[PDB]
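Peer 1: Chains as they are written, first to last, in the numbering used here: chain A, 511 to 722; chain B, 279 to 493. Heads up, the beta-carbon is just placed ideally off N, CA and C, and yes, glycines get one too.
1) So residue 524 of chain A packs on residue 590 of chain A, CB below 8 angstroms; how close in whole Å?
2) Would you mind listing the beta strand (DSSP E) stretches within the segment 283 to 311 of chain B that are 3+ residues and don't spill past its ends, in chain order?
3) Beta-carbon of residue 324 of chain B versus every beta-carbon of chain A: anything under 9 angstroms?
4) If you measure between the beta carbons of residue 418 of chain B and residue 410 of chain B, is that distance less than 9 angstroms?
5) Is any beta-carbon of chain A found at less than 9 angstroms from that of residue 315 of chain B?
6) With a Cβ-Cβ cutoff of 9 angstroms, do residue 473 of chain B and residue 439 of chain B count as a contact?
7) To test your reading of the DSSP string, which unbroken beta strand (DSSP E) runs of 3 or more residues are found completely within the segment 311 to 393 of chain B?
8) Sort A/721, A/573, A/635 and A/519 by Cα distance to residue 526 of chain A and report the nearest one.
9) What residues from chain B crowd round residue 684 of chain A, counting only those whose CB sits closer than 8 angstroms?
10) What does residue 599 of chain A reach in chain B if we use C-beta pairs closer than 8 angstroms?
11) Starting from residue 637 of chain A, follow the alpha helix (DSSP H) in both directions and report where the run begins and ends.
12) Going by DSSP, what residue range makes up the beta strand (DSSP E) through residue 434 of chain B?
13) Taking the alpha carbon of residue 492 of chain B as the point to measure from, which residue in B/347, B/369, B/281 and B/416 has its own alpha carbon closest?
14) Less than 9 angstroms between CB atoms is the rule here; does residue 568 of chain A satisfy it with respect to chain B?
15) Once the 5 residues before and after residue 392 of chain B are set aside, which same chain residues still bring their CB inside 6 angstroms of it?
16) Whole angstroms is fine: what's the gap from residue 336 of chain B's alpha carbon to residue 451 of chain B's?
17) Along the chain, which unbroken stretches of the alpha helix (DSSP H) at least 4 residues long are found entirely within the segment 421 to 493 of chain B?
18) Can you look up residue 593 of chain A in the DSSP assignment and give me helix, strand or coil?
19) Going along chain A, which residues have a C-beta under 8 angstroms from residue 283 of chain B?
20) List, in chain order, every chain E residue whose beta-carbon is nearer than 9 angstroms to that of residue 359 of chain B.
21) Please list the residues of the segment 364 to 392 of chain B that have a C-beta atom closer than 9 angstroms to any C-beta atom in chain A, keeping them in chain order.
22) From the DSSP secondary-structure annotation, give me the bridge partner or partners of residue 550 of chain A.
23) Measuring only the C-alpha atoms, how far is residue 685 of chain A from residue 444 of chain B?
24) Of all Cβ atoms in chain B, is any one closer than 9 angstroms to the Cβ of residue 609 of chain A?
25) Does chain B have any CB closer than 9 angstroms to the CB of residue 603 of chain A?
26) Are the segment 300 to 318 of chain B and the segment 375 to 387 of chain B touching, with three or more C-beta to C-beta distances below 8 angstroms?
27) Please list, in chain order, the chain A residues whose beta carbon lies closer than 8 angstroms to that of residue 449 of chain B.
28) Less than 9 angstroms between CB atoms is the rule here; does residue 612 of chain A satisfy it with respect to chain B?
29) Run through DSSP, which three-state label would residue 400 of chain B get?
30) Expressed to the nearest angstrom, what Euclidean distance is found between the alpha-carbon atoms of residue 701 of chain A and residue 722 of chain A?
31) For the alpha helix (DSSP H) containing residue 409 of chain B, name the first residue and the last one.
32) Output the distance between the C-alpha atoms of residue 620 of chain A and residue 577 of chain A, rounded to the nearest integer angstrom.
33) Thinking residue 689 of chain A and residue 659 of chain A are a contact (beta carbons under 8 angstroms), I'd like their distance in whole angstroms, please.
34) I need the boundaries of the beta strand (DSSP E) containing residue 583 of chain A, first residue and last residue.
35) By a C-beta neighbour count over all protein chains shown, 10 Å radius and 16 as the cutoff for buried, is residue 316 of chain B buried or exposed?
36) Can you list, in chain order, the residues of its chain with a C-beta nearer than 6 angstroms to that of residue 610 of chain A? Leave out the 5 residues immediately preceding and following it.
Dropping the structure here:
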């Protein structure tokens with residue numbers, strides 16, 4: 511039951527060289543582990559890239575190559591292309607067992623970075639009548655597709671009743687997401703100011719509203 | 279061209295059993311080992327086992343010896359994996375992949391089969407209008423809360439309002455789904471003109487139209 515470890519995430523730009531690694535808890539990775547590398551693109555689309563440490567799969571671009579770097583297996587993508595953005599998994603053969611790494615999410619910057627546009631909606635009168643209150647924070651046009659959301663009620667952080675979606679691609683190739691804060695109608699009335707704060711690459715964009 | 283086509287998404291209740299297929303084309307099916315892999319959110323990838331169609335020989339990951347069973351039919355070039363006594367831990371996407379000996383790896387992969395083990399019942403959503411807190415543009419929306427299973431569809435003004443529309447990904451809240459959709463239009467077109475969201479939830483055959491009016 512060896513444990514295989516990979517970088518959780520890496521970012522690169524078109525034309526650059528990026529190197530992903532694969533480590534074993536059992537010891538140094540060697541040709542006897544026949545390291546494999548596979549690629550998962552959106553909508554769980556898998557493609558085999560490398561087998562036997564450095565053998566390239568049929569139809570796989572020449573820019574992908576496998577090797578050993580120190581005591582780890584490595585996948586090198588020379589001249590990265592936007593289409594190479596995906597999750598890469600390595601697999602090692604150890605103890606007559608095939609063990610997969612946790613995968614590395616490779617982001618390839620294919621367009622300019624863009625801070626998010628935030629819109630905050632208050633609970634509708636109709637929902638409030640059911641003794642429920644849901645604030646909706648829409649987040650659009652951001653790139654890359656990674657954000658964190660924080661809610662504050664009258665200046666104090668709140669996470670109870672809060673849910674945030676995963677980011678999804680928009681038609682213009684930027685990303686969108688939503689966050690929701692749900693409380694009882696009674697609880698909603700026990701607060702004044704509500705704030706949705708979206709942090710993207712160290713910068714925070716905020717929107718707030720007053721119940722009254 | 280080598281291809282592996284798997285069966286469609288499965289919705290099973292706890293305790294049930296399911297048989298996932300993997301149809302091969304483009305090569306001699308009996309000559310290569312077929313690998314089965316499990317992808318569960320937050321658990322990376324897990325190797326289940328493998329079968330060589332030509333000999334029928336199988337090798338299982340100990341952990342799955344009492345969960346999976348491999349079969350194959352060389353006449354139809356199809357491999358199958360049956361999972362028994364399903365539980366929520368079995369919910370995942372399953373893949374079959376071809377192993378090539380001299381390549382020492384899995385080259386071609388099936389498209390994956392999504393298995394969902396749940397006992398939840400179909401629930402219609404509640405639809406609520408999202409109006410601004412009363413610029414050149416104005417953003418309106420509609421909240422579609424508490425439905426199951428996915429998905430729901432949202433159009434604006436019966437499809438007449440298509441540009442500037444953002445239908446966001448759904449998320450879970452208390453075992454149910456919540457989604458929202460927004461449309462950005464010229465401040466001179468609303469409320470001067472009408473904006474209505476049309477929500478449909480096929481699973482429950484529910485259709486709701488909600489007009490967005492100022493607060």
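Peer 2: Short version:
1) The distance from the Cβ of residue 524 of chain A to that of residue 590 of chain A is about 6 angstroms, consistent with a contact at the 8 angstroms cut-off.
2) Taken in chain order, the complete beta strand (DSSP E) segments of 3 residues or longer contained in the segment 283 to 311 of chain B are 288 to 290 and 296 to 303.
3) Closer than 9 angstroms to some Cβ of chain A, the Cβ of residue 324 of chain B qualifies, so yes.
4) Their beta carbons are under 9 angstroms apart, which means residue 418 of chain B touches residue 410 of chain B by this criterion.
5) True, the Cβ-Cβ gap to chain A drops below 9 angstroms.
6) In this structure, residue 439 of chain B lies closer than 9 angstroms to residue 473 of chain B by Cβ.
7) If we require 3 residues or more, the beta strand (DSSP E) runs fully inside the segment 311 to 393 of chain B come out as 311 to 317, 323 to 329, 336 to 338, 346 to 351, 356 to 361, 370 to 378 and 383 to 387.
8) For residue 526 of chain A, the nearest C-alpha among the options comes from A/573.
9) Chain-order list of chain B residues neighbouring residue 684 of chain A: empty, with the shortest C-beta distance near 11 angstroms, by a criterion of under 8 angstroms.
10) Near residue 599 of chain A (Cβ distances below 8 angstroms), the residues of chain B are 322 and 323.
11) Here the alpha helix (DSSP H) through residue 637 of chain A covers 635 to 638.
12) Residue 434 of chain B -> beta strand (DSSP E) spans 431 to 434.
13) Minimum Cα distance to residue 492 of chain B is reached at B/416.
14) Under the Cβ criterion of 9 angstroms, residue 568 of chain A is counted among the residues facing chain B.
15) Here the set comprises 287 and 371.
16) Roughly 42 angstroms separates the two Cα atoms.
17) Entirely contained in the segment 421 to 493 of chain B, not one alpha helix (DSSP H) run reaches 4 residues.
18) In the displayed model, residue 593 of chain A falls within a helix according to three-state DSSP.
19) By Cβ distance, chain A contributes nothing, its closest Cβ being about 13 angstroms from residue 283 of chain B, past 8 angstroms.
20) The structure shown has no chain E; the protein chains it does contain are A and B.
21) For the segment 364 to 392 of chain B, which is checked against every Cβ of chain A, the residues closer than 9 angstroms are 371, 373, 375, 376, 377, 378, 380, 381, 382, 383, 384, 385, 386, 387, 388, 389, 390 and 392.
22) Bridge partners of residue 550 of chain A: A/556 and A/597.
23) Between the alpha carbons of residue 685 of chain A and residue 444 of chain B lies a distance of about 10 angstroms.
24) With 9 angstroms as the cut-off, residue 609 of chain A counts as an interface residue toward chain B.
25) Yes, contact with chain B.
26) They touch, by the three-pair rule.
27) Near residue 449 of chain B (Cβ distances below 8 angstroms), the residues of chain A are 673, 674, 675, 676, 688 and 690.
28) Residue-level contact check: residue 612 of chain A touches chain B, since one or more beta carbons of chain B fall below 9 angstroms from its beta carbon.
29) The three-state reading of DSSP puts residue 400 of chain B in coil, since its state is none of H, G, I, E or B.
30) Roughly 10 angstroms between the two C-alpha positions.
31) Residue 409 of chain B -> no alpha helix (DSSP H), and no H or E assigned at all.
32) Each residue's alpha carbon lies about 27 angstroms from the other.
33) Between residue 659 of chain A and residue 689 of chain A the Cβ distance is about 4 angstroms, and since that is below 8 angstroms, they are a contact.
34) If you look at residue 583 of chain A, you'll find it in the beta strand (DSSP E) that goes 582 to 587.
35) Buried, since its Cβ has 16 or more Cβ neighbours within 10 Å.
36) Once the five neighbours on either side are set aside, the close Cβ partners of residue 610 of chain A are 599 and 601.
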